[PDB]
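Reviewing the structure listed below.
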Amino acid sequence: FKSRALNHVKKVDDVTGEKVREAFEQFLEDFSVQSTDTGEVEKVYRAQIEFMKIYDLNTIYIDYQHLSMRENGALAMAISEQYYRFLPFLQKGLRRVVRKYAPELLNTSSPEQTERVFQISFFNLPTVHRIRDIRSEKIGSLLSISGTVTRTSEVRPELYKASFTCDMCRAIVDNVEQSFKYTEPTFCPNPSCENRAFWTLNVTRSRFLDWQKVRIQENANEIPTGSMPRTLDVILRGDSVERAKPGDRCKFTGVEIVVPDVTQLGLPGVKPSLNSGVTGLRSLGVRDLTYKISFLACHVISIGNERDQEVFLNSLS
Amino acid sequence: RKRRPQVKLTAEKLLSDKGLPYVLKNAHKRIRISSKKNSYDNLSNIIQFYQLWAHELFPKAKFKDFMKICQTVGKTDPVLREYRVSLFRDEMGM
Amino acid sequence: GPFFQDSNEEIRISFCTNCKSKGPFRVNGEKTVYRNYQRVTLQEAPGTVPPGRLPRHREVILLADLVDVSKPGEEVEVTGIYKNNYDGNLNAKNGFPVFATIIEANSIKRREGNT
Amino acid sequence: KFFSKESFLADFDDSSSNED
Amino acid sequence: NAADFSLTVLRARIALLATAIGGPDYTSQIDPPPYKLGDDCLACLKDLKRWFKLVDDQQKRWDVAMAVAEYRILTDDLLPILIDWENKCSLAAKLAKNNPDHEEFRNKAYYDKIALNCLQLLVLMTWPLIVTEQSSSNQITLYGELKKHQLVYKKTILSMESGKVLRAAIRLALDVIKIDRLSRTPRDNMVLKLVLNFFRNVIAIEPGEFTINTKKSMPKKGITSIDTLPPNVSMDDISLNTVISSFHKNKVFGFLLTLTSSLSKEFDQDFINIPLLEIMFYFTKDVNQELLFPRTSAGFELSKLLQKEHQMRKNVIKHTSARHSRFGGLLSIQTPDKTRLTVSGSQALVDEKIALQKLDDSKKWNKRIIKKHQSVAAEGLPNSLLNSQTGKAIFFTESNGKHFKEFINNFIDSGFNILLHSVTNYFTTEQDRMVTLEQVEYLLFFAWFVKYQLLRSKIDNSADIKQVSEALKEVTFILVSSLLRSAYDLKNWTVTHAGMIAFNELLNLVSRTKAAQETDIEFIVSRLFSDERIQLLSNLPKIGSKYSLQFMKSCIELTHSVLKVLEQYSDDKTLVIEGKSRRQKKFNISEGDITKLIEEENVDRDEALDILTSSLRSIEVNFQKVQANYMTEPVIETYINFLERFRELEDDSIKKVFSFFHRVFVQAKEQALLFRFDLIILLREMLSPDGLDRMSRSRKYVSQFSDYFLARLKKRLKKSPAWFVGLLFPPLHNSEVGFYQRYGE
Amino acid sequence: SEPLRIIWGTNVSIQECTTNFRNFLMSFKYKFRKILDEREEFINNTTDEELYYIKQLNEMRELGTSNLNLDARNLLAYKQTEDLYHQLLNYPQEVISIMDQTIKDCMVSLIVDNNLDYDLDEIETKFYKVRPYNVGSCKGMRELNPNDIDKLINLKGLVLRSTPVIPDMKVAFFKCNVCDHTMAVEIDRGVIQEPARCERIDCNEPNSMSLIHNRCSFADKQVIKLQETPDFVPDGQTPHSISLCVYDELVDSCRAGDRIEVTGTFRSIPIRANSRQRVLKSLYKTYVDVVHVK
Ligand SMILES: [Zn+2]
Ligand SMILES: [Zn+2]
Ligand SMILES: [Zn+2]
């Protein structure tokens, strides 16, 4: 048998990403701007990390005004212009700071122990956008949208990190990432085996995340004369599921994303399914691909019991 | 079943009217290297005439691939070698 | 060889035990075992939901004795294994790698009275 | 710049004692 | 059904043994459960050693390793035992230091024996996995999954309360060290070798490689990922930053320093000379020395990177159409030979160059480019500078980078010389028996620490270059030159690359010591350039173009160092060199001449006969001959092939390439070597806005060389039109016309 | 000797067109239009001596916008672009690109000519597009014929409904799976120029390409169902509807229910009969690709 070896050390790194990672981790470990009591070094994000360490949370609340104050607005502009490129580097910097300060926080927390899926939320943007103001020139960018939710979906599991087994030699391929369609590995890592299809999913080993798709429309204050309201799908993942109830005036801050037609990508078990889009792809064959504007929100606010003495005095100021 | 041979850069192809005699006829007329122009424009003017000559001669290959197959044919074909020494001998005879 | 059915998705036959390729497959009558199967649409109770909101639907598998125990309109407490399976229609109509959820019921208790 | 082994034992025992 | 039955009974027996080693003591009520040893548990450690001996070693199987790994013996049994022993021994040492002969261990010998056996299993189970040819199919099937389990092992070792097992291992070492040198049995020094081997296993574990089967054709989906990582293990846990943090917190660095600095006076050096070098190599295989000296600052470099990205994005969107995709624009271009060629675009409507780049890019036929298929990974070797990309950067933090800088500085200032002398003592007798791994790690250790001391002496004047003065002995010269020569004659190319790096840094060190002081320097430059080594360094670039990018970059740096160290002797003429004589050099000796030489240089006549013989092979070389030997066409071919990757490289490598192009095209004055068309296409690509940045300092000398190049090109084509053919083809070899082709008569 | 470029099937030079429009936009003052609109008897010369377009282009670099409203009757005014006016009635999609590249080159020449201290990055980053209006007589939706295919027309109508914004790719972003090389390719007429391998020679792995959907750069496309105005309809039939495709800045420039005079090219595309097949029906979908909205 003949085998070809591929190394992970050959991969080209994009140095702007790890410089963003260094700037973000220095922003976490060196912010120290608070007016609580006297003017003192506080490092409020480190205190928030110990707050997670006490209360076993998994999401971080970061104000965007702090990012604008740190390094003349340049780091905030670098995050806001290309959030999708720097998001693994943002997660790596958060993981490095948590490893430096709270080493037990990296695990989920008892034999089963998985990597904690840290979710980064950036709130308090300087401007808010309307659904009518959404353009496709600013996808992958940090945007805030005010709207009213029409209906909300079931809290369903996404396949976040996937593990598969080869049906021939029972080899294990894990950390397969599914962007928008359910994907299986192509090349069997055993050099003796030559399997290409027929991979069986490992339900237990794979790591899942919560999913919710809420559909929003613009508020009646900004609806002009004689127009049907334009709609937008907003994705809530992780801790932010079931936070927004339908019919409320609410602000989502997060990422504008674009989603492809999944049926046109050749999903297993689904027949290929009116506006002409792009084509000329190998996965498309002769078919065309359509695109829809959606949103990937990272933080939600809504702008529209315990009958015992001890818990009420604990909850009191 | 032998149906067709796929075409490559051959000795009869360089010795046609559209080929290296075209280069000897029109390269000194077409190529202009000037000190007033910057080096990008000069180098692109060098590339442009040879790229049009390549797209008239052997349009199947890309231009860097065309230079690679010219290197291979110049290392291989003997008729091209005696033509190349014949050009030099004819110009030093005059 | 005989393979056990998980009552979520059909057993994927990639090859055969003698030939390493797909072929014609039909059920032999040498060893066949049949069990009862019934899906119920378990809607959330309207006194349990928040007032004015929408109910939630999860398909629940009833096997063996559990068939015909539930009735349409009967309020129940189902104690069951909460599994998930891959379907292509949810990924088709949602745009994200989303998995359907299936409750395999181990037991049904009638919720008689206020309890 | 010679590094003494007895200094490493002393530093090991001292950083066992208080660790600074 | 024998194989799966044997596998399941083996897995059952390893499961029973793993339950029989110990338990977390759930009976006692402590908020952290203290680990309690099982009854008759040392016999279980000997049974794991017996299982790893009888099955894994002679029978050529790796089933026992995964049978251990899936039941978490290292994660849940050996590490809590060693950490409990470490904590108990530390508390007992504190209480015995404050008051001696109070609160002893009950069974300290038993605890020391089980700790030693646990460390033996750590070394035996985290051994580096090499799969060469003719190995068993079980190892070939199991190699990737066992590498993943070793990655889990490295993460669990470095992450379990910041690696207290490292403190346990150094405590097991200082159990040996406290004994006097005369009273130490060889078993105690073997325990020291066990500890040093454990540290080399902790450092040396790297992510595996993704191997595919190429018998079947590659489908349209292709390779979707090459990730070879376990679920809980990330790239941050494996990386060197956590290694430096866990080593500095647990004082591994001081342990390595105090064994390196007193290697000859305190320890038997033959036991631990090789694992110490392996440890130093496994630090320094993936660290670039220029990035260790950094010269808001992160935001400063970030702002410059966004400015560079903004300029490149502006140059990209110059080509981008202003309208949408369906806005159809068709353009018909004509040559002065009347023809119509149609292109589709909006930006290509106005300018000719974008339209011609479209017409070049519209073709769907691609030439074959043959690949070496990276056969270095077939040998058992770690990923290093010989395998990593030139643009790969290790991202040290501030504290980790400062601790690594302090450790390397104290290593060079304390015991680089003693360790290097001991290793070149050992390898000069074991030269014909060492496999490629020790040759590669010796040459890389030597080259890395010589280069780091050179860079530190260049940056700061406080450091002394004489701290790597034992690099300049004749024994290391002989060893490095013989390793490079034996690598070349056997056509081994990894050791050739490592020796090329080592020889380049050797020449750089010689040049630095010569520039510092102006002597033994003429003796050593006569020593290195003796024999047929000038022909070796001459024909190394001729064979460079076939191999990888890193080999070709080392060819650049080695040839630049050779020409820089040999251009210093152009006027001084001191080029006496021991040469190889071919035919008869026999001379009838005269004993009167011998005795007057005895009176002259105070010598015995046997070594005067040696001097009289060695004077006969002494020759002199011409530096113009060295240049003219270096000017062969495959050397220009490999340098043009190296300049093709101009996006990835920094300014220094292309500065070296254009300096050699100035050496060819201005100084040597033969210009037909650079009158080839691939250089013209590459110069168009570099001088385009899509290529080199205008703010970069490289484009200045690229533009100057291209200006002088096109000036001489227009001179040659104005004097002779026949060279219009000569740009296309390789240069001609016929002697009747080749003088006119190369020089113009 | 110079390989000049010709608009396809037209025998019209690129260089003649792009010099005629350039010298036009440098040297068109409004008094020549006042001559050739028969408004000589109502001249206001103090608004006529100055350059009509150079002042507007100096205003665009200060306001920050990058869209030039232009009327085509001035092409009848200035002589050198007179035949170019017929190009606007004959071959719109080429010459419109020629005008917007000439506009961007005029910003470049105006910055570098008077030595005004302005950064070239902000000039070259923005995309300039021409917006021609008032090109000719208003045409009816009934009188539209297949002789108007690939021509520039005006329409008068009302908006029935407005779709949400449709993404259209402008640069496709591709990534190698074995070496993480991130490269960019150009979309042309809806087909992706997909590479078979990396541009890097070091890996050059075939079939390793992946499309990163969210890192591609996009543009806007909105389809408007234009309805014929009730003043000019025949008495027998309902007003007809046409597809009206706006792009980029002109998306959401048209509200609902308002009367608009729209300017655009009249194009016909083949509709695809089956979703997974290449078979195209004989009937063609007609849409007005919009270059200006009034
Ligand atoms: Zn397999
Ligand atoms: Zn079969
Ligand atoms: Zn690649």
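A note on labels: chains of the structure tokens are A, B, ... as shown, every chain counts residues from 1, and ligands are counted from 1 in their shown order.
If you take only C-alpha atoms and a cut-off of 7 Å, the residues of chain E that reach chain A are residues 141, 209, 210, 211, 212, 213, 214, 215, 220, 222, 223, 224, 226, 230, 231, 232, 296, 298, 299, 302, 305, 388, 389 and 392 of chain E.
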>> Using DSSP secondary structure from the backbone, list all strand (DSSP E or B) positions within chain C, as a PyMOL selection string.
In response: chain C and resi 37-43+57-63+76-85+98+100-110
Let's have the selection written as a short mmCIF file (atom, residue, chain, number, x, y, z; two decimals), in the first residue's frame, with C-alpha atoms.
```cif
data_model
loop_
_atom_site.label_atom_id
_atom_site.label_comp_id
_atom_site.auth_asym_id
_atom_site.auth_seq_id
_atom_site.Cartn_x
_atom_site.Cartn_y
_atom_site.Cartn_z
CA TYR C 37 -44.75 0.67 17.70
CA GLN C 38 -46.83 3.83 18.09
CA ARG C 39 -45.94 7.52 17.91
CA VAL C 40 -47.77 10.08 20.02
CA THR C 41 -47.57 13.86 19.64
CA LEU C 42 -47.00 14.99 23.23
CA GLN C 43 -48.11 18.61 23.36
CA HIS C 57 -44.31 19.38 20.35
CA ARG C 58 -42.06 16.34 20.80
CA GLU C 59 -42.80 12.99 19.18
CA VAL C 60 -42.81 10.15 21.73
CA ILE C 61 -42.18 6.49 20.86
CA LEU C 62 -44.37 3.84 22.52
CA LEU C 63 -43.16 0.24 22.34
CA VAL C 76 -49.65 12.03 31.06
CA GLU C 77 -46.23 12.03 32.70
CA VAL C 78 -43.82 10.24 30.36
CA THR C 79 -40.54 9.02 31.85
CA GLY C 80 -38.35 8.26 28.88
CA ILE C 81 -34.93 8.35 27.28
CA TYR C 82 -34.33 11.66 25.48
CA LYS C 83 -32.43 10.80 22.30
CA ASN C 84 -31.64 12.72 19.13
CA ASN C 85 -31.36 11.63 15.51
CA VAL C 98 -29.75 20.88 13.56
CA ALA C 100 -34.33 16.28 15.57
CA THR C 101 -35.23 15.12 19.08
CA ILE C 102 -37.08 11.87 19.81
CA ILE C 103 -38.31 10.71 23.23
CA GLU C 104 -38.30 6.93 23.62
CA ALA C 105 -40.79 6.40 26.43
CA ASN C 106 -39.87 3.97 29.19
CA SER C 107 -43.07 4.56 31.19
CA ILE C 108 -46.35 6.48 31.17
CA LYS C 109 -48.11 7.62 34.34
CA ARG C 110 -51.65 8.96 34.18
#
```
Give me the residues of chain E that have any atom at most 6 Å from an atom of chain D; for each, the nearest atom pair and the distance in Å, rounded to one decimal. Use only C-alpha atoms, sort by chain and number, and format it as a Markdown table.
```
| residue | atom | partner | partner_atom | distance |
| --- | --- | --- | --- | --- |
| E:258 | CA | D:3 | CA | 5.3 |
| E:261 | CA | D:3 | CA | 5.9 |
| E:414 | CA | D:1 | CA | 5.2 |
```
> chain F residues within 10 Å of chain A, counting only C-alpha atoms: which ones, as an MDAnalysis selection string?
Replying inline: chainID F and resid 161:169 176:182 187:194 196 202:203 207 209:221 223 248:249 251:252 255:257 269 271:272 274:278
Store the residues of this selection in a file with C-alpha atoms, as an mmCIF file, in the first residue's frame.
```
data_model
loop_
_atom_site.group_PDB
_atom_site.id
_atom_site.type_symbol
_atom_site.label_atom_id
_atom_site.label_comp_id
_atom_site.auth_asym_id
_atom_site.auth_seq_id
_atom_site.Cartn_x
_atom_site.Cartn_y
_atom_site.Cartn_z
ATOM 1 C CA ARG F 161 -44.112 45.583 -3.692
ATOM 2 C CA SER F 162 -40.479 45.644 -2.582
ATOM 3 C CA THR F 163 -38.584 42.472 -1.723
ATOM 4 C CA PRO F 164 -36.032 42.350 1.111
ATOM 5 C CA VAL F 165 -32.385 42.814 0.209
ATOM 6 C CA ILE F 166 -30.863 39.978 -1.833
ATOM 7 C CA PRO F 167 -27.141 39.220 -1.405
ATOM 8 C CA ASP F 168 -25.061 38.946 -4.569
ATOM 9 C CA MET F 169 -21.414 37.895 -4.414
ATOM 10 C CA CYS F 176 -7.191 25.509 1.499
ATOM 11 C CA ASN F 177 -7.954 22.762 3.995
ATOM 12 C CA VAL F 178 -4.391 21.420 4.348
ATOM 13 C CA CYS F 179 -2.412 24.686 4.465
ATOM 14 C CA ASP F 180 -4.928 27.487 5.370
ATOM 15 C CA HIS F 181 -4.103 29.652 2.347
ATOM 16 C CA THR F 182 -6.828 32.290 2.068
ATOM 17 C CA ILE F 187 -17.294 36.284 -9.852
ATOM 18 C CA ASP F 188 -18.167 36.765 -13.535
ATOM 19 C CA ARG F 189 -21.771 36.390 -14.795
ATOM 20 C CA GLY F 190 -22.718 34.110 -11.902
ATOM 21 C CA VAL F 191 -20.078 31.381 -12.361
ATOM 22 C CA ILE F 192 -17.256 31.046 -9.834
ATOM 23 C CA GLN F 193 -13.709 30.839 -11.210
ATOM 24 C CA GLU F 194 -12.917 28.004 -8.826
ATOM 25 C CA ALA F 196 -8.487 23.246 -8.827
ATOM 26 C CA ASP F 202 4.488 24.237 -1.478
ATOM 27 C CA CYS F 203 1.392 22.100 -0.928
ATOM 28 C CA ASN F 207 -9.368 19.201 -4.449
ATOM 29 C CA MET F 209 -10.627 23.960 -1.832
ATOM 30 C CA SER F 210 -13.396 25.174 0.464
ATOM 31 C CA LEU F 211 -15.761 28.120 0.142
ATOM 32 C CA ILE F 212 -16.066 30.274 3.263
ATOM 33 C CA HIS F 213 -19.504 31.825 2.857
ATOM 34 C CA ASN F 214 -19.432 34.533 5.527
ATOM 35 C CA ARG F 215 -15.995 35.906 4.578
ATOM 36 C CA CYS F 216 -16.994 36.628 0.976
ATOM 37 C CA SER F 217 -17.733 40.229 0.040
ATOM 38 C CA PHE F 218 -21.258 40.945 -1.151
ATOM 39 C CA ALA F 219 -23.446 43.572 -2.769
ATOM 40 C CA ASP F 220 -27.137 44.364 -2.750
ATOM 41 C CA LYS F 221 -29.832 43.387 -5.247
ATOM 42 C CA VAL F 223 -36.275 43.336 -7.305
ATOM 43 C CA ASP F 248 -25.867 48.814 -4.390
ATOM 44 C CA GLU F 249 -26.797 52.361 -3.353
ATOM 45 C CA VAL F 251 -31.508 49.548 -3.138
ATOM 46 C CA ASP F 252 -34.374 50.923 -0.985
ATOM 47 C CA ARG F 255 -40.552 53.236 -1.565
ATOM 48 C CA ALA F 256 -43.961 51.613 -1.849
ATOM 49 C CA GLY F 257 -46.766 53.237 -3.817
ATOM 50 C CA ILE F 269 -32.308 36.260 -19.109
ATOM 51 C CA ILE F 271 -35.302 31.001 -16.996
ATOM 52 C CA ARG F 272 -34.232 27.518 -15.905
ATOM 53 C CA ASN F 274 -35.599 22.295 -13.820
ATOM 54 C CA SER F 275 -33.680 23.047 -10.633
ATOM 55 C CA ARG F 276 -30.978 20.414 -11.173
ATOM 56 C CA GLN F 277 -30.915 20.478 -14.993
ATOM 57 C CA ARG F 278 -29.327 22.827 -17.518
#
```
Enumerate residues in contact with ligand 2: an atom-to-atom distance of at most 9 Å, counting only C-alpha atoms and all ligand atoms. Format the result as a PDB file with N, CA, C and O atoms, in the first residue's frame.
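Now in pocket.pdb:
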```pdb
ATOM      1  N   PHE C  15     -22.435  -2.562   3.574  1.00  0.00           N
ATOM      2  CA  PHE C  15     -21.895  -3.659   2.776  1.00  0.00           C
ATOM      3  C   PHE C  15     -22.496  -4.970   3.280  1.00  0.00           C
ATOM      4  O   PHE C  15     -23.462  -4.965   4.051  1.00  0.00           O
ATOM      5  N   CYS C  16     -21.922  -6.087   2.848  1.00  0.00           N
ATOM      6  CA  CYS C  16     -22.294  -7.415   3.310  1.00  0.00           C
ATOM      7  C   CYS C  16     -21.110  -8.069   4.014  1.00  0.00           C
ATOM      8  O   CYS C  16     -19.969  -7.606   3.928  1.00  0.00           O
ATOM      9  N   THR C  17     -21.397  -9.164   4.719  1.00  0.00           N
ATOM     10  CA  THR C  17     -20.367  -9.850   5.491  1.00  0.00           C
ATOM     11  C   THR C  17     -19.433 -10.688   4.627  1.00  0.00           C
ATOM     12  O   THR C  17     -18.377 -11.108   5.111  1.00  0.00           O
ATOM     13  N   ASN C  18     -19.793 -10.945   3.371  1.00  0.00           N
ATOM     14  CA  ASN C  18     -18.945 -11.684   2.443  1.00  0.00           C
ATOM     15  C   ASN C  18     -18.477 -10.846   1.265  1.00  0.00           C
ATOM     16  O   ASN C  18     -17.351 -11.024   0.797  1.00  0.00           O
ATOM     17  N   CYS C  19     -19.316  -9.938   0.777  1.00  0.00           N
ATOM     18  CA  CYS C  19     -18.970  -9.043  -0.318  1.00  0.00           C
ATOM     19  C   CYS C  19     -18.925  -7.614   0.203  1.00  0.00           C
ATOM     20  O   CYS C  19     -19.815  -7.193   0.950  1.00  0.00           O
ATOM     21  N   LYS C  20     -17.892  -6.874  -0.187  1.00  0.00           N
ATOM     22  CA  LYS C  20     -17.696  -5.503   0.283  1.00  0.00           C
ATOM     23  C   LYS C  20     -18.340  -4.485  -0.654  1.00  0.00           C
ATOM     24  O   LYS C  20     -17.705  -3.523  -1.087  1.00  0.00           O
ATOM     25  N   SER C  21     -19.619  -4.687  -0.962  1.00  0.00           N
ATOM     26  CA  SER C  21     -20.362  -3.777  -1.821  1.00  0.00           C
ATOM     27  C   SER C  21     -21.847  -3.935  -1.531  1.00  0.00           C
ATOM     28  O   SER C  21     -22.283  -4.935  -0.955  1.00  0.00           O
ATOM     29  N   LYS C  22     -22.617  -2.928  -1.938  1.00  0.00           N
ATOM     30  CA  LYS C  22     -24.059  -2.945  -1.739  1.00  0.00           C
ATOM     31  C   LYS C  22     -24.725  -3.903  -2.718  1.00  0.00           C
ATOM     32  O   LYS C  22     -24.276  -4.065  -3.856  1.00  0.00           O
ATOM     33  N   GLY C  23     -25.803  -4.540  -2.266  1.00  0.00           N
ATOM     34  CA  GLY C  23     -26.534  -5.477  -3.086  1.00  0.00           C
ATOM     35  C   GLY C  23     -28.017  -5.482  -2.773  1.00  0.00           C
ATOM     36  O   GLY C  23     -28.514  -4.654  -2.004  1.00  0.00           O
ATOM     37  N   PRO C  24     -28.760  -6.404  -3.387  1.00  0.00           N
ATOM     38  CA  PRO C  24     -30.188  -6.533  -3.067  1.00  0.00           C
ATOM     39  C   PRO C  24     -30.381  -7.165  -1.695  1.00  0.00           C
ATOM     40  O   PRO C  24     -29.805  -8.212  -1.395  1.00  0.00           O
ATOM     41  N   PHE C  25     -31.195  -6.518  -0.864  1.00  0.00           N
ATOM     42  CA  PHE C  25     -31.451  -6.969   0.499  1.00  0.00           C
ATOM     43  C   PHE C  25     -32.952  -7.084   0.723  1.00  0.00           C
ATOM     44  O   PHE C  25     -33.693  -6.126   0.479  1.00  0.00           O
TER      45      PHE C  25
END
```
> Rounded to one decimal in Å, what is the spacing between CA of residue 10 in chain B and CA of residue 77 in chain B?
Replying inline: 8.1 Å
> So which one's closest to ligand 1, A:250, A:170, A:300, A:220? Using only C-alpha atoms and all ligand atoms, please.
Replying inline: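 Once distances to ligand 1 are computed over only C-alpha atoms and all ligand atoms, the minimum belongs to A:170.
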>> Residues of chain D classed as helix (DSSP H, G or I) by DSSP on the backbone are to be reported as a ChimeraX atom specification.
In response: /D:5-17
N, CA, C and O atoms of the current selection, written as a compact mmCIF listing (two decimals), in the first residue's frame:
```txt
# COMPACT_ATOMS: atom_id res chain seq x y z
N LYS D 5 24.49 22.60 43.02
CA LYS D 5 23.42 21.66 43.31
C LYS D 5 22.87 21.84 44.72
O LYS D 5 21.66 21.67 44.94
N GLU D 6 23.73 22.19 45.69
CA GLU D 6 23.27 22.44 47.05
C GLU D 6 22.39 23.68 47.11
O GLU D 6 21.45 23.74 47.92
N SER D 7 22.65 24.67 46.24
CA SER D 7 21.75 25.82 46.13
C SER D 7 20.40 25.41 45.57
O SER D 7 19.38 25.96 45.98
N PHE D 8 20.37 24.43 44.66
CA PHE D 8 19.09 23.96 44.13
C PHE D 8 18.31 23.17 45.17
O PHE D 8 17.09 23.29 45.24
N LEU D 9 19.01 22.36 45.98
CA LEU D 9 18.35 21.68 47.10
C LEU D 9 17.81 22.68 48.13
O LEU D 9 16.70 22.51 48.64
N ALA D 10 18.59 23.72 48.44
CA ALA D 10 18.15 24.74 49.38
C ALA D 10 16.95 25.52 48.84
O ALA D 10 16.01 25.81 49.58
N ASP D 11 16.97 25.85 47.54
CA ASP D 11 15.85 26.56 46.93
C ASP D 11 14.61 25.67 46.85
O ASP D 11 13.49 26.16 47.03
N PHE D 12 14.80 24.37 46.59
CA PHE D 12 13.70 23.42 46.58
C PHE D 12 13.05 23.31 47.95
O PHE D 12 11.82 23.37 48.07
N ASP D 13 13.86 23.22 49.01
CA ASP D 13 13.31 23.11 50.36
C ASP D 13 12.68 24.42 50.81
O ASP D 13 11.64 24.41 51.49
N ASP D 14 13.27 25.56 50.43
CA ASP D 14 12.73 26.85 50.84
C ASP D 14 11.42 27.16 50.12
O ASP D 14 10.47 27.64 50.74
N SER D 15 11.34 26.87 48.82
CA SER D 15 10.09 27.04 48.09
C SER D 15 9.07 25.96 48.43
O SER D 15 7.89 26.13 48.14
N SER D 16 9.51 24.85 49.02
CA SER D 16 8.56 23.96 49.68
C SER D 16 8.03 24.59 50.96
O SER D 16 6.86 24.38 51.31
N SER D 17 8.87 25.36 51.67
CA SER D 17 8.45 25.94 52.94
C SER D 17 7.46 27.09 52.75
O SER D 17 6.42 27.14 53.42
```
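Computed from the coordinates, the CA of residue 682 in chain E to CA of residue 308 in chain E distance equals 21.7 Å.
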> Counting only C-alpha atoms, which residues of chain B come no farther than 6 Å from chain E, as an NGL selection string?
Replying inline: :B and (39-40 or 43 or 62 or 65 or 71 or 74)
